[PDB]
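These notes are about the structure you will find just below.
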Amino acid sequence: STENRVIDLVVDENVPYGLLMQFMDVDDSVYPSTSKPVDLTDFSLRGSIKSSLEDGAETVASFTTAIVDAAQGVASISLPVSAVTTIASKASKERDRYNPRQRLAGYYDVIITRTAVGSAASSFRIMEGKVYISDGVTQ
Amino acid sequence: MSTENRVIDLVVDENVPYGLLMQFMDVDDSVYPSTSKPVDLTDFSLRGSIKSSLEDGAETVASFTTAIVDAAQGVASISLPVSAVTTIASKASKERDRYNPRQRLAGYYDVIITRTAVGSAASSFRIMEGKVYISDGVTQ
Amino acid sequence: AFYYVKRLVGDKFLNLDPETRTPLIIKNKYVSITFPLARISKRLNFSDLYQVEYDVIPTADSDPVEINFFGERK
Amino acid sequence: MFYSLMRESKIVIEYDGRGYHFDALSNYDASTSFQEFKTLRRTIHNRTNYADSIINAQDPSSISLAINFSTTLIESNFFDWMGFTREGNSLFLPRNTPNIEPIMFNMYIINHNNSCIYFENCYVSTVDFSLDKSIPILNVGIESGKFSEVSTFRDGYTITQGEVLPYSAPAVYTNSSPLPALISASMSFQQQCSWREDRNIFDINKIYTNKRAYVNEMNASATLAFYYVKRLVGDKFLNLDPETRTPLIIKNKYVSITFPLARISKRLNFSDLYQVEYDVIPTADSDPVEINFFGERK
Amino acid sequence: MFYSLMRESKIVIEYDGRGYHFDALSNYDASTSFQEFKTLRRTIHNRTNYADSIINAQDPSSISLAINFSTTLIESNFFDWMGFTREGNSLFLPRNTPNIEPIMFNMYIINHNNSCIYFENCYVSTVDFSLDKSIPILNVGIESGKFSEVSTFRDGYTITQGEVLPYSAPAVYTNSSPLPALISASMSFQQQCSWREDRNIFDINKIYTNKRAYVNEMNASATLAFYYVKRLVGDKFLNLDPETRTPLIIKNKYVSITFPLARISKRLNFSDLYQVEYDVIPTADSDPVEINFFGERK
Amino acid sequence: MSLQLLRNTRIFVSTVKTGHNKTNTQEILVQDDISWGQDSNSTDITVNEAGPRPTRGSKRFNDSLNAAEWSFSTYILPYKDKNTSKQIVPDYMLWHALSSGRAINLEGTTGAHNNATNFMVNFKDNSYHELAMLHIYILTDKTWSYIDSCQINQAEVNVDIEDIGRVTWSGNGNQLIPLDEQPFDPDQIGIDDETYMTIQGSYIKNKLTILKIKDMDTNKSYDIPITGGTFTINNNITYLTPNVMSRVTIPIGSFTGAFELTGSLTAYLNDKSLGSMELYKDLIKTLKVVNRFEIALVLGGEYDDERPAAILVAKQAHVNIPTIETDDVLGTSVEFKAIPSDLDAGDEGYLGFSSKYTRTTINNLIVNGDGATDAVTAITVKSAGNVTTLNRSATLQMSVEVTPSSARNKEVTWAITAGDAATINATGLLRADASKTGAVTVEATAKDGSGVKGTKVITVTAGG
Amino acid sequence: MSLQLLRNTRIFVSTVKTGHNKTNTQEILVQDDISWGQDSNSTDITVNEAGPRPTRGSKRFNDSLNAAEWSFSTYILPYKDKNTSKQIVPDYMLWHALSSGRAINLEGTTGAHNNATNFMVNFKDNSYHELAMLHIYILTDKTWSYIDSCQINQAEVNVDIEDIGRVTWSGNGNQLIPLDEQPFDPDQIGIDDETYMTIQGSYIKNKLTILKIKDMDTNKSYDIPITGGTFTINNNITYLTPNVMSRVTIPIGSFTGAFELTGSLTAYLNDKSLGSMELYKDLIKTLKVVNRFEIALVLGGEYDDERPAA
C-alpha cells in the first residue's frame, strides 16, 4: 500500500493519447476490501507537462481533463495529437536505458480539486512522474 | 515507560495548501482498561516557525498559521496557506536527490502549545520538532 | 537484498512494516520479472552496513507473474 | 540519503527509567523478522499456484552483545538483570529462582539522524566469558519480543562504561592450592527462559508480539582446560577420577568466580600434548556461586 | 613436573599374555570420559537452581590407530583379532561369524616416567586402508570398556613392527584381465559389535564399566574409483550395467584382497574428467574373501 | 618488412569509433613507460591414475581472454587554447572519463569543465555504474590498433620533488583490436607546433610544492614543508567476463567500484610553531576515531605573478595517525583520505589546473570551489552612523564592509561572543536592556567559508 | 625551529618512570640501525550496490593502535666497574629483562648476575607471563620521548667473522609517548669518559671464534672451524589490544610465548679426524629422532693471557 503516486506515462508519437482513471475507495477494515467508488461531484483535474522542476520552466503542454460517469467514479485525462506533436518536438535526444524508443519529455502531475463543496478548496495532487515520448515509425 | 516520538518530519506539496491536525487525548492505565477522554483545548494556542538552520541567526523561511477545530473533541489543526508553501519552495535548498528529484530540504520547524492567562502558569511545551521537506510540483 | 536506507525521520515509503499488496518489478535491460501484486516481508541485519532483505511472493489474487525476454533493443 | 553504519552506533539499555549506555562494545549482532502463515489451497476445482500468506506475528529477536570489562563495572548489571542477588560488588547465584518471570527491560540501538531501532520486553538469557591468554570479554545474549522504529530515544550520557581493564593472567585454585598448567578457563551463566505464546482469535488481522515469559531454570557452569600433568607415580591430587565435592575458584586480578562445592568431571585428550578438560558445576547443597567484580586494587 | 607428549609414547597391545608393541605408528587418537546422571528437581516448594549429578559409569573409549605396513606383518593380527580365520599368511572372511562375543584384549599407551593409560576389554571394530598413489596405511578402530591409570605396564621389546614396506602401485584385476584407469582403491573391513549395557541396581553408588559385547555382523567391502574409459562403441566389458557375480582382486606387490565372486554397482560422475565408482561387496554364496600379506618377494 | 619501435608510438583518446574530429579525438603526449596488451587464460586437463603403466598426457584449452591492460604517463600541462580562450589541459577527456559518467560538457559545472581562469575537475557526478567511455587509439610507426571501450581505472600522481609534475593513467578495455586501415589522419588530429610551444611554456615543477593543512575541529593551520608524496584517484573498476565452456570469451561490460581519493605525504619533523612535530603530537594525543582536516596540496607553488599550478583540495579529509620515519634526518608520513560528507554526496574533492594562478586565485579556488569566483579576504564591521558605544535600552543596527568589492558572497552572519549585555538578530539589529554595565562584543563571519573575522568591542555603559 | 638528526640520538633504559638515578637508568650505546615507532590500524566502509546510479563513497575510521616497535644494535662490551669491582656489561638491565621476570639483583644467582670474575646470564627464572619491565627513553637532539612499559622480545647475535661482536635488541611497548620536559639530566646519567676508555679497552672480535661441540651420547668432541653463524634468544612476546568500536585503543598488557634458544653455524668440510665431515657423516648415519649435544660457542677466542670473550 503506502503511496504510489509516482507513475510514468509513455505517450506514443503520431498517435493521440487518452488515459482512463477508475477512481476508487478501498477500505481494508473488512477482509474483503470494500469496492466503493468515490462519487465525482464538484471535482476538476488540472495537469501541465513542464520540462524539469526548476522555476520558470517552459510549459511543454497541458492535459485536457474529462469527467464522465461521475456516479461510478471513473474519469479521463487526455490531450490531442497536436499536443502530442508539441511534446515530441521538445523531447530530449537521449533515449531511455530499458527502451530505446522512449525519450524524456518532461514532468507532470494532476491535482484533484473540490470547489466550495463545503466552502473549502480541498485540492490535492493525485499522481506524478515523468512523461516519455515513444518514437513512432508509421508517420 | 515507552518512548515518545516528538521528532516528526513533514513533507509539503508545492502549489497545494498543507493541512495537519493534531488531537490531544488524555490517557491512563488502571484496573479498568485504558480510559481516554479528549483534552479540552481552552486558552490553548499554538505557534510554529520554520528556519533554514538550527544555528542561531537562521533566516526565517515562513511561519505556520494556527487554529483550533474542536475543543470538545480536543482537535487542533496546524497548517499553512498555498502562498506560504510557495514562499518556502522559493527558499528551499537547490540540491536535488536522485531516485526522487521532487523532494528538497526546506528547514527545521517547531510547534509550541501554550496556555496564557492571569490565573494560568506561564507554561510552554514543545509538542513536536523535525524537518520540513518540499515535493516540487509543475502545475501552477 | 537492499541497504537499510531512510530519507526521512519516521518515513512511510521505506520502513520495516510488511506490505500485503504492492506492484513490484525487477527490471533489467534484457529481462523483467513482474509481480502485479506482491507480498513483501522485510528482514533487517545489523551488519557492517545495515542491510534489509525482502521476500517477494505473488499474492492470492495477483495477476500472472510476467517474465519478459528482450534479446536486443527491447 | 542516510546509510546506517554499525561502527557509527550507540547501544543504550533502558531499565527502571535510566539509560545504561554500554560503551566499550567490541561487536554486536541483531536481526528482526516477521512470522507468516502461508498455505496453498490447491483444490480439485482449481489447482492454484498462488499462496495465501498473511503476516500475523513478529518473530522474537536474538540480540548478542560483546562487551569489554570496564573500571566502572556497569557490565555486572547484566548479572543483576539476569537474576543474581547482589551484596556489595559480588553477585550470588540464588538457591531458588526468585520470580517466575524474568527482569524485563527495553533496549535502543541509536544511529545518526534520529534513526533508531527499539527492542522491547528484553531479558538477559546468556552470559559467558573465557578467561584465557587473550583479553577477557563477556558475550551477553538477550531475546526481545517486540521491535520498532522510533524517532526520539534514550541516550545514556552519564551512565557509561569506563576504561577497559588491563589484561591479567587467570588462575584456578582449590582452596589455596594452585592447579598447574592452565590453558583456558571458560565460564557460562544462563537464564533459560521461554516465551509464552498467547496468540488467540482476538489477534486475528493483527500483528502479535510476545510479551510475557517464564524462567525454566538458572545455572552457573564452567569448562576448564588443562594440560595432563602428574607430579608423582600414582598421584592422588591430580588424576582422572571424578570429584563429587571440592571447593574451586577461577580467580583473576579483577574477577573471581567461586564454587563453594563443585562437581568436577574430567576428560583426557591424547593430542600433541595431553590435555585434560574439567566440567565444573555446583553441587546440590553447595552455597551460592560467587561472582566478584573488582574494579581496581581489588 | 612431567608433561605428556604424544610423540614420546609407545602403544603396546596385550593379547594372550604377550605384548604386541605396534611401532611404525603414524598417528593415534583417543579420549576418556565419564557418564553422568544430572537431574534438576525443581518443585513448587523450591524452584531450585542446583542439579543432582552423580558420576556412575565410564563412557566407552574410541581409540583409532594409523599403522604403516611393515615387513614382519604384525598388523595382520588386527584382522586375526577382528575375527578372520588364518591359513599361512592369508586371512579368510568366514561364512558365518565364529563366536557371539568378539576377541577381547587390553591395550597400553606408555609414556615417560612410568606414566600409562590402561584400556581394557578392547575389540577391533574397523580396519580400512586405501590403496592409492600415496603410501598405504590401515586405520584401525578399537572400542574400550574400561580405562585406568597404572604405574607398571607391559612393553613389547621383542614383538615389534619392522621396516615400512616400500610403495607399490595398486592394480585391480578381473581374473587376469586388468581394469584400466585406476584412481584409488579403498578397502574396508568391519566387526560391528555392540556393547551390552548391564547396569543394574546392584551398581548404585559405583562406577560402571562395560565388559561384554556381541557381534552384530562382519563384512568386507571395497570402493573402487576409475576414470570412465571405453574402448569400443557399445562396449560390453566396460559399461555402467551392474554385475551380479564377477571375480575381482585388488592386487599389490605386498597385499591382495580377493573377492571370489563380487556384486559391483557403478556410479558415473560428470566431473572435469568422467569418473566411474564401483561398490564391491561379496555375493551371497561367494567363497571366503581373501587377504594375503606378502612381506618381501611375495 | 619492418620493425616497430616504441619511440614512434602516438596515442589518441576518442569517445567515438567513427566520425573522428578535433573535438572527439586528441593526441596524448606519452612517455617511455607506456604499455598495453591483453592476456589470455587457459587450463590443463591431466589424468591422474595410480596403477602401473599409468596414462601420462595433458591437454590445453583456451577458455577466456582477460581485460586489456593499458598504462602511460603524461605531464600536467595546463594552458589556454586560442580557439576558446579557456584554460584546458590537453588530456582533458581523460580527466572527464575519470571524473563523471555523463557526456563531456566543458560549459557545465560537473566533471571536467573549464573557464576563462582555470580548468577544474570535480567528482560530484560520478554515481554511475559505467563512467564516460573512451577508445584508446595506438599508432606504432605505420600499423594501427586500438582498445575497444576503455574506462579510466585510476590516475596516479607522484609528488617527486626535483622532478616535473606528472600523472600516470591506468585502465582496462574490453578487447584490443588491431586495425589495418588508418582511422583518421594523425597529422591533422595530432597537436601542431603552435600549441606545442604554448604547452611547453607552462610546466609544473614538483619541487615548488606548498601544502595547506588545517584541522577543522580546532582551526589550526600547520606549516609543513613537504619532502615527497603521492595521491591517487581510484575507481576500483572490475571487468566482467562470461564463462562459456565451448568458446573463448572476452569481457562484456564492467562495473565501477568504490571511489577512493587517498594520499601520502612525507615531511621532516620541525620544532617550530605549527610545524610537523606539533601536528604529529596533536594527532597522537587526541587519538580520535574520526578526523576533519582540510588539505590543499598545491603543485607548482603559489606566487603573486602568474605561475602554472595543479591543486588538489580535500575539504573534509581523514588523516591517519602519523608515524616517525627514522632516517639520517628524522621525518614523518601524513597519510590521508578524502571522505565525503555523505556517502551518496560525491564532493570528496576537486582539482584546479591553470597556467595563471595568482595567490588570490588559488585562495578563492580553495575556499569557493572556483578560481574565477572571488572570495572575501578581510572584514571590519561598521555600526549605524559611526557609533562607538551604546547605553541601556538602545538599538544598534550594525552593518559590514568587505574586501574585495567583487566577492560573490558579500553576506555575513551575526553572533555575540564576549559578555552578556545585548542580543543580535539575523539582520544585525542589536538590542539591549537595563542592568547592562559590562563590555560586550559582536562578531560576523562570511557564508562562503573563507575564514574571515569581523570584530568590534562596543563599550556599553549604564548611561548618563 | 630546528631539524632533528638521527646521529644525535641517545637511548636510556629505565625500570622506573620517576626517581631516575644511576642504578635505574643507564645510557645504551646504539648504532646507525636504531629504529622506533608505532603504527595505527584503520578501516574503510564502502557501499557496494548493483543498480544504475550506485553510491560510490567510502569512509575511514581509526580503530586501534598497534604495539610500539623499537630496535637497536649494541656492541658486546664486558668490563669491570670501579665502584663494585665486578665484571658487568653496560646494557645489563637489557640482559636481565631478557632473562628473568623478577626484580634485578646482581648479587643473586638467577637472571643477570655478576661476579668478581665474569658477568653471567642464565634463564633459570623466566617462568613469568610478564618479564622484567623496562622503559626506553629516547633523546633526539633536544626533544624527549619514551616508550611506555617495554619488554625485551628477543636479542639477535650474529657471528659475522671479520667484524666486531654485536647484539641486536628488539621488543615492543604499550605506547610511544613524547615528553616535552627533561626526565633526567642526560649529562649525569650518560656514561662518562673514564668508563668509555675502560669499555673501549675491551672489544670482542667475531673472527677469533672457537666452537666446542661434543656428542653426549658418544663422548666425541669435534674440531669445527666456523665460517659464520648466529644465535637468538627469543621470547615470542605478543601484545594484546582491546577491541572497542567507539574509541581507539592501545595495547593493555602482554603475555610471553615460548622461550626459544636456537642457532645456526656454517663451516667448511674437513677430512681431518673429528672434523666437519665426521660430524656430518655421523649425524646422517645415526638418523636419530633426538640428539644430545653440548655446544659452547666462544666469541672472542680462548687464550692463556686475559682476553675479552662472550
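Ordered as shown in the C-alpha cells, chains take letters A, B, and onward, while each chain numbers its residues from 1 and ligands are numbered from 1 in the order shown.
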Can you move chain D onto chain E by a least-squares fit over all C-alpha atoms paired in order, then give me the moved copy as a short mmCIF file (atom, residue, chain, number, x, y, z; two decimals) with C-alpha atoms, in the first residue's frame?
```cif
data_model
loop_
_atom_site.label_atom_id
_atom_site.label_comp_id
_atom_site.auth_asym_id
_atom_site.auth_seq_id
_atom_site.Cartn_x
_atom_site.Cartn_y
_atom_site.Cartn_z
CA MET D 1 56.53 -31.52 36.52
CA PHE D 2 56.07 -34.23 33.88
CA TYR D 3 54.18 -33.28 30.73
CA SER D 4 52.96 -35.99 28.35
CA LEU D 5 53.92 -35.67 24.68
CA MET D 6 52.21 -37.78 22.03
CA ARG D 7 55.44 -38.12 20.05
CA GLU D 8 57.07 -39.56 23.19
CA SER D 9 54.76 -42.52 23.61
CA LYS D 10 54.60 -46.25 22.97
CA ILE D 11 51.43 -48.25 22.27
CA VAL D 12 51.52 -51.89 23.37
CA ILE D 13 48.58 -54.24 22.82
CA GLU D 14 48.34 -57.06 25.36
CA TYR D 15 46.88 -60.27 23.92
CA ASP D 16 47.19 -63.83 25.26
CA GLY D 17 49.82 -62.68 27.76
CA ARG D 18 52.20 -61.29 25.11
CA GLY D 19 52.89 -57.65 24.32
CA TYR D 20 52.49 -56.54 20.70
CA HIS D 21 54.31 -53.21 20.57
CA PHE D 22 52.97 -51.62 17.38
CA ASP D 23 55.80 -49.47 16.08
CA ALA D 24 55.64 -47.69 12.71
CA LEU D 25 52.62 -45.84 14.12
CA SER D 26 51.88 -42.70 12.12
CA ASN D 27 49.27 -41.22 14.46
CA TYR D 28 46.74 -42.30 17.08
CA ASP D 29 43.77 -40.58 18.70
CA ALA D 30 41.97 -41.49 21.91
CA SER D 31 39.75 -39.98 24.59
CA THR D 32 38.38 -40.91 28.00
CA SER D 33 35.18 -39.67 29.62
CA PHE D 34 32.55 -40.45 32.24
CA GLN D 35 28.77 -40.71 32.10
CA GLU D 36 26.65 -38.60 34.44
CA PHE D 37 23.03 -38.64 35.59
CA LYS D 38 22.16 -34.96 36.02
CA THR D 39 18.58 -34.16 37.00
CA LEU D 40 17.17 -30.86 38.27
CA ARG D 41 14.46 -31.31 40.91
CA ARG D 42 12.54 -28.07 40.53
CA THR D 43 9.44 -28.19 42.73
CA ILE D 44 6.58 -25.85 43.55
CA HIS D 45 8.09 -25.64 47.04
CA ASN D 46 11.64 -24.79 45.88
CA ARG D 47 12.30 -23.90 42.24
CA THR D 48 15.93 -24.87 42.71
CA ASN D 49 18.90 -23.95 40.54
CA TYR D 50 21.39 -26.67 41.57
CA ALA D 51 21.34 -30.02 39.81
CA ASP D 52 21.72 -33.52 41.27
CA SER D 53 24.57 -35.00 39.23
CA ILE D 54 26.34 -38.26 40.11
CA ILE D 55 29.05 -39.98 38.06
CA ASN D 56 28.02 -43.62 37.72
CA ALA D 57 29.55 -45.02 34.52
CA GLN D 58 32.61 -44.81 32.28
CA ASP D 59 31.76 -43.86 28.71
CA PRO D 60 33.39 -46.40 26.36
CA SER D 61 36.55 -45.10 24.72
CA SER D 62 37.05 -44.92 20.95
CA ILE D 63 40.74 -45.38 20.10
CA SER D 64 41.89 -45.01 16.49
CA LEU D 65 45.36 -46.04 15.30
CA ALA D 66 47.03 -45.36 11.95
CA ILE D 67 49.67 -48.04 11.35
CA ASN D 68 52.07 -48.32 8.43
CA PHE D 69 52.57 -51.66 6.73
CA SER D 70 55.66 -53.50 7.96
CA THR D 71 57.87 -56.35 6.83
CA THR D 72 57.09 -58.56 9.85
CA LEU D 73 53.31 -58.30 9.23
CA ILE D 74 52.34 -57.84 12.88
CA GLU D 75 49.50 -55.65 11.59
CA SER D 76 47.67 -58.70 10.20
CA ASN D 77 46.92 -59.67 13.80
CA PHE D 78 44.30 -56.91 13.70
CA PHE D 79 42.47 -58.97 11.09
CA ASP D 80 43.22 -62.03 13.22
CA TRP D 81 41.80 -60.40 16.36
CA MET D 82 38.82 -58.97 14.47
CA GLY D 83 37.60 -62.47 13.56
CA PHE D 84 39.22 -63.62 10.33
CA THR D 85 40.41 -67.22 10.10
CA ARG D 86 44.09 -67.75 9.34
CA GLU D 87 45.85 -70.13 6.96
CA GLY D 88 49.51 -69.33 6.44
CA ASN D 89 49.80 -65.61 5.73
CA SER D 90 46.30 -65.24 4.24
CA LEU D 91 43.21 -64.18 6.20
CA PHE D 92 39.77 -65.53 5.30
CA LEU D 93 36.43 -63.87 5.94
CA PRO D 94 34.40 -66.74 7.44
CA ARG D 95 30.99 -67.55 6.01
CA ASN D 96 29.47 -67.24 9.50
CA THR D 97 30.65 -65.26 12.50
CA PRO D 98 32.54 -67.78 14.68
CA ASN D 99 31.58 -66.66 18.19
CA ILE D 100 28.93 -64.42 19.72
CA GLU D 101 31.43 -62.23 21.57
CA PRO D 102 34.46 -60.61 19.91
CA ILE D 103 38.10 -61.27 20.79
CA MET D 104 38.90 -59.08 23.80
CA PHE D 105 42.34 -57.67 24.54
CA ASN D 106 43.94 -54.96 26.65
CA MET D 107 46.00 -52.03 25.38
CA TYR D 108 48.60 -49.78 26.99
CA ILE D 109 49.67 -46.28 25.95
CA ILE D 110 53.07 -45.94 27.61
CA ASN D 111 54.83 -42.64 28.30
CA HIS D 112 57.90 -41.47 30.19
CA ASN D 113 58.21 -41.60 33.98
CA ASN D 114 56.09 -44.74 34.48
CA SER D 115 53.01 -42.91 33.18
CA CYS D 116 50.43 -45.05 31.42
CA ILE D 117 46.77 -45.25 30.43
CA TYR D 118 45.31 -48.76 30.52
CA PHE D 119 42.45 -49.52 28.13
CA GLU D 120 40.76 -52.83 28.90
CA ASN D 121 38.16 -55.06 27.22
CA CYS D 122 39.04 -53.73 23.77
CA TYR D 123 37.99 -55.16 20.41
CA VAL D 124 38.90 -54.26 16.84
CA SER D 125 35.77 -52.81 15.25
CA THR D 126 37.05 -51.26 12.00
CA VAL D 127 40.01 -51.68 9.64
CA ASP D 128 40.21 -49.81 6.34
CA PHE D 129 43.10 -48.83 4.07
CA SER D 130 43.21 -47.02 0.74
CA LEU D 131 45.47 -48.39 -1.99
CA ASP D 132 46.29 -45.18 -3.85
CA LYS D 133 49.21 -43.16 -5.22
CA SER D 134 50.30 -42.42 -1.64
CA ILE D 135 51.87 -44.82 0.86
CA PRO D 136 49.19 -47.26 2.09
CA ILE D 137 48.19 -47.12 5.75
CA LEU D 138 45.44 -49.00 7.59
CA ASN D 139 43.41 -47.07 10.17
CA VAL D 140 42.18 -49.49 12.84
CA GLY D 141 39.41 -48.55 15.24
CA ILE D 142 39.04 -50.22 18.63
CA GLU D 143 36.49 -49.61 21.37
CA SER D 144 37.32 -49.96 25.06
CA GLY D 145 35.09 -50.61 28.04
CA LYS D 146 37.29 -49.60 30.97
CA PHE D 147 40.19 -47.13 31.10
CA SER D 148 42.57 -46.77 34.02
CA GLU D 149 45.86 -45.22 35.15
CA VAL D 150 48.59 -47.68 36.13
CA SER D 151 52.20 -47.41 37.27
CA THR D 152 53.83 -50.50 35.75
CA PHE D 153 52.84 -51.94 32.41
CA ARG D 154 53.70 -54.31 29.56
CA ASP D 155 56.26 -53.19 26.98
CA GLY D 156 56.81 -55.16 23.78
CA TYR D 157 60.59 -55.18 23.48
CA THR D 158 60.69 -58.11 21.05
CA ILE D 159 57.33 -58.22 19.25
CA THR D 160 57.55 -55.07 17.12
CA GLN D 161 56.89 -53.83 13.61
CA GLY D 162 59.84 -53.88 11.22
CA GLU D 163 60.67 -51.50 8.41
CA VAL D 164 57.82 -49.97 6.44
CA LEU D 165 57.15 -51.64 3.11
CA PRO D 166 58.18 -49.65 0.01
CA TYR D 167 55.40 -48.14 -2.06
CA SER D 168 54.00 -50.17 -4.95
CA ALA D 169 51.28 -49.11 -7.36
CA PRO D 170 47.90 -50.83 -6.90
CA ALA D 171 46.19 -52.76 -9.67
CA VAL D 172 42.73 -54.34 -9.83
CA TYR D 173 42.06 -57.39 -12.00
CA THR D 174 39.11 -59.42 -13.21
CA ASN D 175 40.51 -62.95 -13.33
CA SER D 176 43.68 -61.87 -15.14
CA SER D 177 42.32 -59.01 -17.27
CA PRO D 178 43.47 -55.66 -15.85
CA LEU D 179 40.93 -52.92 -15.25
CA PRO D 180 42.22 -49.71 -16.87
CA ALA D 181 42.49 -46.22 -15.41
CA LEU D 182 42.54 -46.84 -11.68
CA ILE D 183 42.45 -43.85 -9.33
CA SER D 184 42.04 -45.02 -5.74
CA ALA D 185 41.16 -48.45 -4.37
CA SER D 186 39.79 -48.22 -0.82
CA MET D 187 39.11 -51.40 1.17
CA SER D 188 37.00 -51.58 4.33
CA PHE D 189 36.50 -54.37 6.87
CA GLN D 190 34.35 -54.16 9.99
CA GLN D 191 33.24 -56.11 13.06
CA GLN D 192 30.14 -54.13 14.03
CA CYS D 193 29.87 -55.23 17.65
CA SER D 194 27.57 -53.67 20.25
CA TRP D 195 28.03 -53.15 23.97
CA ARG D 196 25.55 -54.97 26.21
CA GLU D 197 24.82 -52.47 28.97
CA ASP D 198 24.00 -54.41 32.14
CA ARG D 199 23.91 -51.53 34.62
CA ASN D 200 21.65 -52.72 37.44
CA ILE D 201 20.56 -51.63 40.91
CA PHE D 202 23.48 -53.52 42.46
CA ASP D 203 25.82 -50.97 40.84
CA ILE D 204 24.23 -47.97 42.57
CA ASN D 205 26.85 -45.69 44.18
CA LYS D 206 29.52 -47.31 41.98
CA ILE D 207 31.18 -46.57 38.65
CA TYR D 208 30.07 -49.00 35.95
CA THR D 209 32.30 -50.13 33.08
CA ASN D 210 31.14 -52.06 30.03
CA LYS D 211 32.52 -55.58 29.97
CA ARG D 212 30.72 -57.82 27.46
CA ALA D 213 29.69 -57.35 23.83
CA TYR D 214 28.26 -59.33 20.93
CA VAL D 215 28.95 -59.28 17.20
CA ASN D 216 26.08 -57.94 15.12
CA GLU D 217 27.82 -58.67 11.80
CA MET D 218 31.13 -58.87 9.98
CA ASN D 219 31.65 -57.67 6.43
CA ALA D 220 34.25 -56.94 3.76
CA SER D 221 33.76 -54.01 1.40
CA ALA D 222 35.68 -52.02 -1.18
CA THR D 223 35.03 -48.82 -3.12
CA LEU D 224 36.91 -48.56 -6.42
CA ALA D 225 37.32 -45.28 -8.32
CA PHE D 226 38.10 -45.32 -12.04
CA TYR D 227 38.07 -42.94 -14.96
CA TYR D 228 35.20 -43.52 -17.37
CA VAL D 229 37.04 -45.23 -20.22
CA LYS D 230 35.52 -47.07 -23.17
CA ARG D 231 37.47 -48.88 -25.89
CA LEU D 232 34.62 -49.64 -28.31
CA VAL D 233 31.28 -48.16 -29.32
CA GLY D 234 28.67 -50.09 -27.38
CA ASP D 235 31.33 -51.89 -25.35
CA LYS D 236 30.29 -54.92 -23.30
CA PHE D 237 33.23 -55.28 -20.91
CA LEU D 238 33.30 -51.65 -19.72
CA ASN D 239 29.87 -50.10 -19.16
CA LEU D 240 27.51 -48.97 -16.40
CA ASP D 241 25.41 -52.13 -16.08
CA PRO D 242 25.51 -53.91 -12.70
CA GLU D 243 27.45 -57.17 -12.37
CA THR D 244 25.74 -59.75 -10.17
CA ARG D 245 28.78 -62.04 -9.87
CA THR D 246 32.30 -61.40 -11.14
CA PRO D 247 35.71 -62.46 -9.75
CA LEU D 248 37.65 -59.40 -8.58
CA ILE D 249 41.05 -58.88 -6.97
CA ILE D 250 42.64 -55.63 -5.77
CA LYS D 251 46.29 -56.59 -6.05
CA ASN D 252 49.52 -55.00 -4.85
CA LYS D 253 53.12 -56.16 -4.54
CA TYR D 254 52.60 -56.79 -0.81
CA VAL D 255 48.84 -57.33 -0.34
CA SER D 256 46.00 -58.79 -2.41
CA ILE D 257 42.34 -58.68 -1.37
CA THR D 258 40.39 -61.29 -3.33
CA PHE D 259 36.63 -61.44 -3.90
CA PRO D 260 35.89 -64.88 -5.43
CA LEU D 261 32.50 -63.51 -6.54
CA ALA D 262 31.59 -59.84 -6.28
CA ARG D 263 28.48 -57.68 -6.61
CA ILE D 264 29.53 -54.48 -8.39
CA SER D 265 27.43 -51.32 -8.60
CA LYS D 266 28.63 -48.47 -10.80
CA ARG D 267 28.21 -44.71 -10.43
CA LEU D 268 29.22 -42.13 -13.04
CA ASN D 269 30.21 -38.56 -12.16
CA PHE D 270 30.32 -35.94 -14.91
CA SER D 271 33.31 -34.16 -13.40
CA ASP D 272 36.26 -32.49 -15.16
CA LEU D 273 37.22 -35.95 -16.42
CA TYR D 274 34.43 -38.51 -16.19
CA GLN D 275 34.87 -40.87 -13.24
CA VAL D 276 33.09 -44.15 -12.53
CA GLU D 277 32.92 -45.52 -8.99
CA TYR D 278 32.42 -49.17 -8.05
CA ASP D 279 30.83 -50.61 -4.91
CA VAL D 280 32.26 -54.11 -4.45
CA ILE D 281 30.75 -56.49 -1.90
CA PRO D 282 30.96 -60.31 -1.91
CA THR D 283 27.89 -62.17 -3.11
CA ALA D 284 25.63 -64.43 -1.06
CA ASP D 285 27.29 -67.74 -1.97
CA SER D 286 30.78 -66.35 -2.66
CA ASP D 287 33.79 -68.14 -1.23
CA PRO D 288 35.57 -66.50 1.73
CA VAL D 289 37.21 -63.17 0.96
CA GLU D 290 41.00 -63.45 0.87
CA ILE D 291 43.52 -61.03 2.34
CA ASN D 292 47.12 -62.04 1.62
CA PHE D 293 50.06 -60.41 3.43
CA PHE D 294 53.32 -60.66 1.47
CA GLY D 295 56.33 -59.36 3.35
CA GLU D 296 59.00 -59.49 0.66
CA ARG D 297 59.36 -61.39 -2.63
CA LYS D 298 55.72 -62.47 -2.28
#
```
Note to self: Using only C-alpha atoms, I'd like every residue of chain G that has an atom within 9 Å of chain F; please write them out as a ChimeraX atom specification.
What the structure shows: /G:1-7,32,34-42,46-65,143,177-178,245-249
Checklist line | helix (DSSP H, G or I) per DSSP on the backbone: members of stretch 47-142 of chain D, as an MDAnalysis selection string | finding: chainID D and resid 74:82
Checklist line | Surrounding residues of stretch 55-63 of chain F excluding itself and chain neighbours under 2 positions, 7 Å, only C-alpha atoms, as JSON, numbers by chain | finding: {"F": [41, 42, 43, 44, 45, 46, 47, 49, 53, 245, 247, 248]}
Checklist line | Interface list for chain C, partner chain D, 12 Å threshold, only C-alpha atoms, as a VMD selection string | finding: chain C and resid 2 to 12 14 to 21 35 37 to 65
Checklist line | Which of B:87, B:93, B:139, B:103 sits closest to chain D [using only C-alpha atoms] | finding: B:103
Margin query: Taking 3 positions as the minimum chain separation for residues in the same chain, which residues sit within 8 Å of stretch 306-308 of chain G when counting only C-alpha atoms? Answer as a list in words.
Written below: residues 78, 202, 203, 204, 300, 301, 302 and 303 of chain G
Next item on the list: as a PyMOL selection string, please: all residues of stretch 9-234 of chain G that backbone DSSP puts in strand (DSSP E).
Entry: chain G and resi 9-14+25-28+35-37+40-44+60-65+68-75+79-80+87-88+111-113+120-122+134-140+143-159+166-173+175-179+210-215+220-222+226-234
Rows by chain and residue number, stretch 12-70 of chain C within 10 Å of stretch 78-99 of chain A, shortest pair, only C-alpha atoms, as JSON lines:
```
{"residue": "C:27", "atom": "CA", "partner": "A:98", "partner_atom": "CA", "distance": 8.3}
{"residue": "C:28", "atom": "CA", "partner": "A:98", "partner_atom": "CA", "distance": 7.0}
{"residue": "C:29", "atom": "CA", "partner": "A:98", "partner_atom": "CA", "distance": 5.0}
{"residue": "C:30", "atom": "CA", "partner": "A:98", "partner_atom": "CA", "distance": 8.0}
{"residue": "C:31", "atom": "CA", "partner": "A:98", "partner_atom": "CA", "distance": 9.5}
{"residue": "C:32", "atom": "CA", "partner": "A:98", "partner_atom": "CA", "distance": 9.7}
{"residue": "C:70", "atom": "CA", "partner": "A:98", "partner_atom": "CA", "distance": 9.8}
```
